[PDB]
Each structure stands twice: as C-alpha cells, then as structure tokens.
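Asker: Before anything else, here's the structure in question.
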Amino acid sequence: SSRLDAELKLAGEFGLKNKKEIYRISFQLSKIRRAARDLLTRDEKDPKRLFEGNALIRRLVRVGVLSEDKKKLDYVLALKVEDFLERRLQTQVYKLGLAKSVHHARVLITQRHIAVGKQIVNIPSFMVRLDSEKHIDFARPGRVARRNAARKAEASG
Amino acid sequence: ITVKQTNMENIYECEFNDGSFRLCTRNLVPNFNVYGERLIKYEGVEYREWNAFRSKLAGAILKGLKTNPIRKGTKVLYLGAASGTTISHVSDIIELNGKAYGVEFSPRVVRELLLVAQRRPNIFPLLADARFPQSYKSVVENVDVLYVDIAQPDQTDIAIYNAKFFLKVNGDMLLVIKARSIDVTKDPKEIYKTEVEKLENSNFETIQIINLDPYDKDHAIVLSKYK
Amino acid sequence: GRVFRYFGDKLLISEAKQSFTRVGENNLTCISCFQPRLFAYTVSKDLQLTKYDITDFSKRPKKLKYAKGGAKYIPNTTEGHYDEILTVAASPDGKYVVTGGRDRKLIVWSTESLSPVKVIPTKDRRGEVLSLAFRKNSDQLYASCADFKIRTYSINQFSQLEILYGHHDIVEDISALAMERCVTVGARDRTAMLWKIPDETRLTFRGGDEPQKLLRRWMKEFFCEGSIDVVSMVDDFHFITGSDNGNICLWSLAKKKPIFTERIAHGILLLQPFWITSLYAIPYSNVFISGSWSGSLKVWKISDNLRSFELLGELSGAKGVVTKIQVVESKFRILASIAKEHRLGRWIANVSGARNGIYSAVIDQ
Amino acid sequence: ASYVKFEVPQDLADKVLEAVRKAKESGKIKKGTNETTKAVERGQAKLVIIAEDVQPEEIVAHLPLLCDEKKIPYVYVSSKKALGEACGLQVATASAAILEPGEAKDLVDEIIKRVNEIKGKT
Amino acid sequence: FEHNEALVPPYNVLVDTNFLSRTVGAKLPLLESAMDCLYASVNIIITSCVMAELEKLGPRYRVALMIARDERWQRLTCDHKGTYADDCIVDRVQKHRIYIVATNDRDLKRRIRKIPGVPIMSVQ
RNA sequence: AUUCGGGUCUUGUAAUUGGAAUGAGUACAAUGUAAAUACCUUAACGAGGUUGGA
C-alpha cells in the first residue's frame, strides 16, 4: 500500500542519510513548519513578507538550504526532507573523506573523535555551515581520524 | 566464433571464443574502423563490433527496442552526429542505397566526423546549428528517420522543428532524452514524462520509451511516429 | 593606537640608494628584520636560515651566521628543518628568531648562536606553517597554517596557547601590531579576518566581487579575483590586502567592503594582471610598500583622512619575485627577499630578471 | 586560455575541488590526463575536471572535443597544483575525472547543473 | 513495499471531476489544499475526459468548469477523453504510476492502490 | 508475481586482519549544599562481549 511503500520510503531515507528511528520524523515536521509558516507567504510585500523573506531565506544555511534562488522554498518540501537530511554531520561528514562510510563515522562522532574545528560535537546530528574546519581535533590521540586521512582529496558534494 | 542475423536488418550478434554475445554491423568499408572497435571476419565477410556503452542505438537495442526504423536503404537525418561513432553504425545498417545527413555544430568534433564521412558515401556531414534547419535546408532532402541526440535544454523543441521541416509523414523519430543537460536539478524521471508530453502535444505517437541504464546514466530514448 | 607618522611626502624616493646581494641559496621565501644594531633573517626552500647585520645603511647586508637543515632531520620534533621553510619572524626582544614551513614545525632559535632552543610541532598532518607575526613589543606569536587554523604561542613559555578557527582555505598571510589582535587572509575564501583575541570575537571582510556586477554598478555614473594573498596592518583600525588580480585594497574595521581599491596596482603582462606577492605597511604611518614580479617596488601614501592611498614612487632595481618586504629605520631601509619562484609554489611564467638574493633601498627624509 | 570553453566563478571552482576530495574518499576517481582520457573514451566518467594553467595548452585540448562526443560534462579549475593536491597527490595534475561520486552525488549534481546554466540550456 | 521511489517536485496531480465539483460547491481551495498536503510545488492537472464530464455537469451547475479549466490544473491531453473519468485516469496512471491522484471516487482509488507508488488524496 | 519468463548476479563461512575501539575504577581540585566539595564538571589513571513460516 501507499502506507506500506511509504514505510518503505522512510527506511530508504534510513541510510539515504544514516538515522535509525524517526528523526526522519524530526526533519519531516521541520519541513512542515518551514513550508507551512512559509507557504503562508502569502500575500504581497508587506514589509513583513520582507523580513520573513531574506529571513527564512537566510535559511542558507551552508551544507543547508538550497544554492541560490527563491523566494519559493517549498522546493524544500521537495528537498529539505530529501535535502535538509544531508548538511548536518549526520550526513556531510562522511562526504568529506574522514568517515570510511556513514556508520564508520557516527561512531567517532560519538566515541569522542570527530570534532568541528575545536570542541568535539558528539551531538551526532548537528548541522554544518561553513564546513572547512570539520577536522578531527583529537587533542595517544584520535586514531581512526588522524592517519586514515584519505580525505586528502575528499573533493565531494 | 559465430555471427548470425537478428530480428533487425543488417544487425548481427556474435557467439565468441569464450561465450559472450556482442552486437555488430556489416562493415561498409572493410579493413577500416572509426573508433577503436574490433573488426571480425566470419565466412569471408567483415563485421564491426557495436559497443553499447558508446552508441545509444546499440544500447536501445540491448534494452529491447521493439522495431528499429533504421534498415537497408533508409534516409535518416541525424541531429548531433558528433565524432561519428553511432552515425557510422547507421551507415553500415543503411548501406550505399540509403543516406545519412549528419548535423553537428561543434567544429572541434566535426574535424573527426570529416574523416569518417570521407571514407563513407552514405554520410553527408554538415557543420550547422540544428536550431536553424534553414542553414541546411538547401542540402538535405526529406527523410524516414529523425535520429536526435543533442545536448540542449530545449532539445525536444529543436527536434520537433526539424521534424516539421524534414521528417516524412508517418516517418519515425528516435529522440534521446538527456535528463542532466535539460536540467541537473530535476529528477530524470520527471523530465522523461514532460518531454514525451511535448511530442504528444505536437503530434507524435509514442511507440516505445526505453531507459538506457547500465549503458547511459540519466538517459532515455523515445521512439514515436510523426503524423 | 592610530596613524601618527606622516613622512610620506618627505621621502626622497627618486634618489633612493639601491643594492642587491646574491645568496648561494635557492628561493628565499621570507625575510624578517629586527629593530630595537639591526638584524635581518632569511629562510629558503633550500632549508637555510641566515642572519645578517643591516645596521650600516652605507654597505649591503653583512652575513653573520647560518644554519642549514636537511634529510638528517626527518622524524616531528627534531631540531632541524627537512622540508621547505616558508616563513620567519624575529622576536621583538632580540632574543629569538622562529621559523616554520612545510614540515609542520615551529622552530625557535637563539639569535646569539643561531641554535634551536625549542621545537613546537603543530600536531596536524596538514598543519604547514605559512606565515608568522609577533605581536609588537611582546613575545606572543601568531602562526597562520594550511589546515585553516591560526595557532597562538607564548614564546618565552615555549608553549602553544590556543587555536583560532574561521577560514575556509589556507591562511596565507597574517599581520599584527601592538594590540592583542591580528589580521589574516584566506586566499581562495576571499576573506580577510580580524581576530580580537581577548574579546574572543572576529570580524570578517569579503572580496571576490563579480566583475559583471561591478561593471553593472559602475555604469551608474575589471579582473577576476580568485585569491586574496597578502595582508598588512597599518594601524589598530585599518589594514591593506593584496590579491592575485593586482588589487590593493584599503579596509577599515568599521566597513564591510574595502574603503578603497587600486586595481591592477602592478599593471599587466589575453590580459593577465600581476599578482600582489608582497605588502608591507610600516606601522602607524601613511606609507606602505607593495611588490610583485614586475620589476619594481611600489611605494604608496595613504590620505590623512584614511579614505584613499596614492602612488608615491617606484624602486626599479627590484627585479625578480618579491616574496617578503621589511622596513627598518635609523633614514629608511627597505629590505626585500627576491626569489625565482613564488613562496608557495604557485606557478609563474617568465619572471624577468629572475634571481636569488636580498634587495635593499635606502630612502632619505 | 583558448581550450577553456566557458567561465567558471571561484565559488564553483571550490565546489568542484571539494567534490573531488569526497570522491577520493568515498567513491572512485581517475587522476592524470591519460587516465582521464581513457575514462571518457570508455564512458565511465560522470564529470571531467580540467585545469586552466596547463603548460603546453594543447595537452588537454582534446578533452572538450572528446567529452562532447561521449556527452560527459566537464568543468575547469584555475590551478593544476590545486587539483592534484585535492586528488591526494603531492604533485600537480592537468585533468581528472570522477567515475563514481559516492558521498558527493548531491554535490556533483549541483555542479553538472550549474555548468549547464552558464552554458545555455533549460 | 518493494516499490523503488523516484518522485520529484513538483508533484503531478490529476484531479478528477468529482473532486472538482466537490471543492467548488463547498469552497475548498483545491490548489492550496494540494500544496499544503504535498508540502512541495504541485502541478495540478485534469484529463480531457474529466473536464469534458464536468462540461456536461456544467450545463446546470455553473462554477466547477471555470475552476477546472484554470491554468492551475493544466490540461492533460489524453488520447481517450470519451472514457468515463474513472477509466481515463486509470489508463493514464497505469503507465505513469508516477502521478498522484486526487479523487472522490472510492472505487477508482481502490483499484489504483493495486498499482505500486500512487499517492492518493481525497476530501473528507 | 513468475504460472514462465524475466532480471541480473556474490553469498556463505558458527574461515583467517585490523586501534593501546570502549567501557567501567584512580588521585583530581573543584563551579560546589565554605561541610553536597568526590555526587556533579573536569582531568586523567588505568579498562569491550511482531507477526506469519519448519
């Protein structure tokens, strides 16, 4: 069923990113209010449409948001769900070499290692923005990330 | 080794020394290959191996193209002839009787098409922009097949325009849909649907829609008949 | 802590005394001058550190002592360099000179014996040292590195104090005065950043302006910037940057955009601009000097209203790739390290009069 | 330079170098002009990256022509030293190719679509 | 349910005639209703068969037609407008299980659930 | 969904590698119930084992 094949979809996103639950639920609801309140544009350019504009538009974000356009951020309702997902270390920290493959990643995110330019960040679902600083930090030292720096060419997206 | 005919004219399959099956065409210019392809003699007749990973037509065949409108003595207008890979295979298929008109607007590449077209009386090279069929109106004739593989966002529209100039009523159009050069943002599968609709909202009768995967990522080929 | 030195108009630049001193080394990457008997220190890709007496403005720099590193020193806490030395800074107290480069080590040497007294590793496999700057009248050292971090040190503790984060590319150049703060440039991030160490805050200034956009707003009445490469602080409230499109920009801490821009400051030679490869504002004055590989050192004067700068003159004996500029006084003496190559290995087609050594210019009034 | 077909703004150039690094880590890349060539000739490459400061220009001049025949998108970066050093090398490289993007799929798809826009298209 | 997904914004939604009538004579903003529930750009369309059927209804119930002929729904040019609305949508979605269907015809919905990957919308 | 066709092709080791994974104890003063102030925060010292279907 659509319920069913949905309960498929979710499990698809279940490592289309990396989660293990219904943080897909988290991000989901997010997308709602984002849209929702947003989609409640409605309306005109009410000086409100204004602040809210460059406002929610300043969703960008880094690793987050879109790229360069809008206005119409319902695109996100498409993305966000399927985009807001990445961004955060939960995603955009495998896609940077260090992490051998999502799993082999969250584990260091937790397990002390993996730190955002000073200070670790166990919160294994932070968010990224101006990333170039997402190194190991470590402070004999964070091993799994300090030598397996095959990320020395992690020119990815 | 063994070579034998297939459901489609002048298109053959090989049994190999090891037990592999690969497409090939009957070599119009024996002893001579256009890209690096393997030349194969069987019962004193030479065939050119047709690599599916390079040629979209070979791909579409291997993905089960019902009926191929390109055969012996067919007249084709080939939009986006490039270096001559695929067009050389349609030259083999069409034989001296038929004719291929290769339109291509990148000089860097028509350079290498020239070499292919010198050796082959079938092929009539044209350095022109497929967006202006007026600029080759005066060299071409009307045709049976409009084979269209051009990297352009409005590729479909270009194809329809050439069609109402050159495609015979009840002729066929093989149109390659390049998702990533129409829009890298959109889903390839949403693109295939909306482009086909352009053909239908003109008057092309969608016969078959193939997905070129393994062989070509984010590509689909449409076969349809102009009315 | 502002600009109070107005000698720009007094400078007898046209009648400057110019000299050059060859070195047997390949590719000086940096020069550091000490000012209370005056000293200069040079470092090279050839792993040589060299000390000169420059106190006699009548004669060329007098070589006193040298120390050469090498393969022997492969580990990184050995007391010698084994990969390209990229930067050198003399301590304001006269006691220390510290070097750093591609072997991810700071090495602090005594000026007395030219011997390593302490080696402080960056502890990162990507932490190459790209630039050094002491806080003036202090032992506090700032090292800009290739892993996007700026590391701070207390030199008479021989320790690392902290690490600063913000840049999104290599931190090519760093400049500091007397305040506990510094300016850095991030190359391809096209930002300059002002670090207020005690306030734990930082200002961010952005370049990388689209030429089509610039032209579009100029029609209200040029060259693409891909990297901001050099930086120098003129006072505690202003600084200058130099880019690989020839732009020399004057910035105020209060403004988001540059308060003034001199485009293609070193000219061109379809069109390619000369990069700014060297930039030194003499502290709290209205003069600064710029260098490229175009054959001359341009000396500029800042307005008294700090809203512009203007070309004072040229020092045309300076052929080669200028890698670093320093100015000492007693009479001004400009010293500049000249190499056949760019400090960092950026590729340079035809450098005219390519050579290895130290350019000197003595200017009166 | 003349083998450069279109203009790449530095933001994109940096997003390319990033895309390559993540592809070393999580996917499969090819590095060097000959290997890049073979990757195009074989149709394996999804994105081709060409440096702008190649010193005889003609060394990579065949790539735009070749990529168009095989319909593989290509992009420029300004430094060959920077592309090689991205690639996981300590020496320069004139051209490279991404065969499988891995954890850069999203990042690549944005590039192959920005170079479409600043090329024409829609 | 073993169904591989590839849906991308904007969703393509076929609106049937019953839904159109319904939303009209109860003042329900059909367009915004779909953007709300799909939480993304939607292209809202109606087959020629559905709108034809409306056309007949329109002879005594004016108002559905205008909304139904609005650009918001864009016409899907089917080859068979003569086939009941139900069968029309079914034969169009049977080859394109891609499009979402908004219908008040619980009979049409039941037989569409059969096809994997068909979002189904309706008004309570 | 298969009925036969089709799809194509890793998958098992109740095989052999990975770090000095980590957890838990030990001063550790302590924002600190001036005594809670070893229980916090450190720091470390040490330290991985529902359903349906035979």
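Residues in the structure tokens are numbered from 1 in each chain, the chains being A, B, ... in the order shown, and ligands are numbered from 1 in the order shown.
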Any idea what's packed within 10 Å of residue 114 (chain E), counting only C-alpha atoms (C1' of nucleotides), ignoring anything in its chain fewer than 4 positions away? Could you give it as a ChimeraX atom specification?
Answerer: /A:1-2 /E:109-110,118
Asker: Residues near residue 62 (chain B), anyone? I mean within 10 Å using only C-alpha atoms (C1' of nucleotides), not counting same-chain ones fewer than 3 positions away, as a ChimeraX atom specification.
Answerer: /B:22-23,52,56-59,65,212,215
Asker: To test your reading of the structure, identify every residue in chain D that backbone DSSP assigns to strand (DSSP E or B), and report it as an NGL selection string.
Answerer: :D and (28-31 or 47-51 or 74-77 or 95-100)
Asker: Excluding region 45-47 of chain D and residues on its chain fewer than 2 positions from it, collect all residues at most 7 Å away from it, counting only C-alpha atoms (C1' of nucleotides), and give them as a VMD selection string.
Answerer: chain D and resid 39 to 40 43 49 72 to 74 97 to 99
Asker: Counting only C-alpha atoms, a student should be able to say which residues of chain B come within 6 Å of chain D; what is the right answer, written as a ChimeraX atom specification?
Answerer: /B:82-83,108-109,152-153,182,184
Asker: Mind listing as a list in words which residues of chain A are within 12 Å of chain B, counting only C-alpha atoms?
Answerer: residues 66, 67, 75, 78 and 79 of chain A
Asker: Name the residues in contact with residue 123 (chain B) at a cut-off of 9 Å, using only C-alpha atoms (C1' of nucleotides), excluding same-chain residues fewer than 6 positions from it; report them as a list in words.
Answerer: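 Returned residues: residues 87, 88, 91, 99, 100, 101, 102, 116 and 117 of chain B.
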Asker: One number please: CA of residue 81 (chain A) to CA of residue 42 (chain A), in Å, one decimal.
Answerer: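 Value for the CA of residue 81 (chain A)-CA of residue 42 (chain A) distance: 22.2 Å.
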Asker: Within 7 Å of chain D, which residues of chain A are there when counting only C-alpha atoms? Please give them as a ChimeraX atom specification.
Answerer: /A:94-97,150-157
Asker: At a cut-off of 10 Å, list the chain C residues touching chain A, using only C-alpha atoms, as a list in words.
Answerer: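 Here they are: residues 123, 124, 125, 126, 147, 148, 149, 162, 163, 164, 165, 166, 167, 168, 169 and 170 of chain C.
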Asker: Residues of the last selection are to be written out with N, CA and C atoms, as a short mmCIF file (atom, residue, chain, number, x, y, z; two decimals), in the first residue's frame.
Answerer:
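And here is the file that came out, selection.cif:
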data_model
loop_
_atom_site.label_atom_id
_atom_site.label_comp_id
_atom_site.auth_asym_id
_atom_site.auth_seq_id
_atom_site.Cartn_x
_atom_site.Cartn_y
_atom_site.Cartn_z
N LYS C 123 51.17 19.39 15.26
CA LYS C 123 50.49 18.15 15.61
C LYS C 123 49.38 17.77 14.63
N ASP C 124 49.37 18.43 13.47
CA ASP C 124 48.41 18.10 12.43
C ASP C 124 49.15 17.75 11.14
N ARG C 125 48.67 16.71 10.45
CA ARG C 125 49.32 16.21 9.24
C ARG C 125 49.13 17.16 8.06
N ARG C 126 48.37 18.23 8.26
CA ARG C 126 48.13 19.21 7.21
C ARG C 126 48.52 20.61 7.69
N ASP C 147 46.02 24.17 7.53
CA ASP C 147 44.83 23.41 7.91
C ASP C 147 43.70 24.33 8.37
N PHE C 148 43.77 25.59 7.93
CA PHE C 148 42.70 26.58 8.10
C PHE C 148 42.66 27.16 9.52
N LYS C 149 43.69 26.85 10.31
CA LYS C 149 43.72 27.29 11.70
C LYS C 149 44.81 28.34 11.91
N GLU C 162 46.63 28.74 22.19
CA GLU C 162 45.34 28.32 21.64
C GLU C 162 45.30 28.22 20.12
N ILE C 163 44.12 27.89 19.61
CA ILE C 163 43.87 27.75 18.18
C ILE C 163 42.62 28.55 17.79
N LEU C 164 42.72 29.26 16.67
CA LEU C 164 41.64 30.09 16.14
C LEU C 164 41.09 29.48 14.86
N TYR C 165 39.77 29.45 14.75
CA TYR C 165 39.07 28.86 13.61
C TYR C 165 38.18 29.88 12.92
N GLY C 166 38.07 29.77 11.60
CA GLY C 166 37.24 30.68 10.83
C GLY C 166 37.43 30.59 9.33
N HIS C 167 38.67 30.42 8.89
CA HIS C 167 38.97 30.41 7.46
C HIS C 167 38.51 29.11 6.79
N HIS C 168 38.24 29.19 5.49
CA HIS C 168 37.77 28.03 4.73
C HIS C 168 38.74 27.65 3.62
N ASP C 169 39.94 28.20 3.69
CA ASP C 169 41.05 27.82 2.83
C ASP C 169 42.31 28.08 3.63
N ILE C 170 43.47 27.83 3.02
CA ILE C 170 44.73 28.07 3.69
C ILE C 170 44.85 29.53 4.11
#
Asker: For residue 296 (chain C), which of C:50, C:21, C:277, C:160 is the closest residue, counting only C-alpha atoms?
Answerer: C:277
Asker: If you count only C-alpha atoms (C1' of nucleotides), which residues fall within 12 Å of residue 20 (chain F), apart from same-chain ones fewer than 5 positions away, as number ranges by chain?
Answerer: A: 140-143; F: 46-47
Asker: Save out the residues we just selected, N, CA and C atoms (P, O5', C5', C4', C3', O3' and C1' of nucleotides), as a PDB file, in the first residue's frame.
Answerer:
ATOM      1  N   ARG A 140      46.884   7.481  22.029  1.00  0.00           N
ATOM      2  CA  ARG A 140      47.749   8.655  22.026  1.00  0.00           C
ATOM      3  C   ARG A 140      47.008   9.870  21.480  1.00  0.00           C
ATOM      4  N   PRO A 141      46.000   9.597  20.658  1.00  0.00           N
ATOM      5  CA  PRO A 141      45.173  10.631  20.055  1.00  0.00           C
ATOM      6  C   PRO A 141      44.127   9.965  19.166  1.00  0.00           C
ATOM      7  N   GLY A 142      43.095  10.716  18.792  1.00  0.00           N
ATOM      8  CA  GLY A 142      42.088  10.229  17.862  1.00  0.00           C
ATOM      9  C   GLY A 142      42.771   9.539  16.698  1.00  0.00           C
ATOM     10  N   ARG A 143      42.757   8.210  16.737  1.00  0.00           N
ATOM     11  CA  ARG A 143      43.473   7.390  15.770  1.00  0.00           C
ATOM     12  C   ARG A 143      42.724   7.247  14.450  1.00  0.00           C
TER      13      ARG A 143
ATOM     14  P     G F  46      47.732   4.902  32.325  1.00  0.00           P
ATOM     15  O5'   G F  46      46.304   4.475  31.772  1.00  0.00           O
ATOM     16  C5'   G F  46      46.061   3.108  31.467  1.00  0.00           C
ATOM     17  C4'   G F  46      45.904   2.353  32.746  1.00  0.00           C
ATOM     18  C3'   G F  46      44.767   1.329  32.785  1.00  0.00           C
ATOM     19  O3'   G F  46      45.118  -0.005  32.433  1.00  0.00           O
ATOM     20  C1'   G F  46      44.323   2.981  34.313  1.00  0.00           C
ATOM     21  P     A F  47      44.461  -0.756  31.155  1.00  0.00           P
ATOM     22  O5'   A F  47      43.225  -1.609  31.697  1.00  0.00           O
ATOM     23  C5'   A F  47      42.672  -2.674  30.916  1.00  0.00           C
ATOM     24  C4'   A F  47      41.168  -2.626  30.883  1.00  0.00           C
ATOM     25  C3'   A F  47      40.571  -2.055  29.613  1.00  0.00           C
ATOM     26  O3'   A F  47      40.501  -2.932  28.503  1.00  0.00           O
ATOM     27  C1'   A F  47      39.804  -0.801  31.353  1.00  0.00           C
TER      28        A F  47
END
Asker: Between B:79, B:29, B:36, B:200, which one has atoms that come closest to residue 95 (chain B), using only C-alpha atoms?
Answerer: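 Closest to residue 95 (chain B) of all the choices is B:29.
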Asker: Output as a VMD selection string the set of chain E residues within 9 Å of chain B, with distances taken over only C-alpha atoms.
Answerer: chain E and resid 6 to 10 76 to 77 96 98
Asker: For those residues, write C-alpha atoms to a file as an mmCIF file, in the first residue's frame.
Answerer:
data_model
loop_
_atom_site.group_PDB
_atom_site.id
_atom_site.type_symbol
_atom_site.label_atom_id
_atom_site.label_comp_id
_atom_site.auth_asym_id
_atom_site.auth_seq_id
_atom_site.Cartn_x
_atom_site.Cartn_y
_atom_site.Cartn_z
ATOM 1 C CA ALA E 6 11.875 8.476 -7.800
ATOM 2 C CA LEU E 7 9.192 11.183 -7.265
ATOM 3 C CA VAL E 8 10.496 14.772 -7.525
ATOM 4 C CA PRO E 9 8.993 18.231 -7.069
ATOM 5 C CA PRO E 10 6.759 19.415 -8.472
ATOM 6 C CA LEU E 76 -3.506 16.529 -19.559
ATOM 7 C CA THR E 77 -4.135 15.711 -23.177
ATOM 8 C CA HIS E 96 2.560 6.556 -15.314
ATOM 9 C CA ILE E 98 4.159 8.401 -11.194
#
Asker: Which residues, written as number ranges by chain, have at least one atom at most 8 Å from residue 352 (chain C), with only C-alpha atoms (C1' of nucleotides) counted and residues fewer than 6 positions away on the same chain left out?
Answerer: C: 293-295, 319-320
Asker: Select residues of chain D: the criterion is any atom within 8 Å of an atom of chain C, counting only C-alpha atoms; output as a ChimeraX atom specification.
Answerer: /D:1,10,81
